[PDB]
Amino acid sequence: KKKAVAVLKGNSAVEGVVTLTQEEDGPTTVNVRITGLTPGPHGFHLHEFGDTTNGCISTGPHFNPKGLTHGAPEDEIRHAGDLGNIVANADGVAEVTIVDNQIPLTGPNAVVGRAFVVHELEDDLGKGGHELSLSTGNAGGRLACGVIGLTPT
């Protein structure tokens, strides 16, 4: 019964739309459709801030209200916005639906007014082991981002 949407833009052909649905105080369903991607897996994250005054750089780090480390969406040691990878087909198109419970549209940890970012490289899920594997996953640069806003229904 609550809904949000993010329009994803950047400097390249990578652009897309992410819709969010949440019932009850339950899981959040995320419908992701992005194009222009290099075929393969891309880091896909909900970042802390809905600030685009400085391009996608101003969206900050992965949304992490539990001071925890970077992981996979399945394992209990992740950031709230650690939504893993989205995979682009041969046409650079990634269409996927993701269900997660650390990203509510309400409550103290609402991600409303926050951001989504799709990334340059594959998320190594915090096993790289890279220096950066445990903060970012190595997902690389920020290809496109958008601020999460309220939308009808």
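Sequential numbering from 1, following the sequence displayed.
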| field | Stretch with the higher entry mean CA B-factor, where the candidates are 90-98 and 23-31 | value | 23-31
| With respect to the recorded C-alpha B factors, which stretch has the higher mean value, 100-108 or 55-63? | 100-108
| message | Checking the record values for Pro41, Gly50, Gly36, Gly126, which has the greatest CA B factor? | response | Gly126
| said: Checking the record values for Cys145, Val14, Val18, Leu134, which has the greatest CA B factor? | reply: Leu134
| request: Would you please rank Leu68 by its C-alpha temperature factor against the other modelled residues of its chain and give the third it falls in: lowest, middle or highest? | output: highest
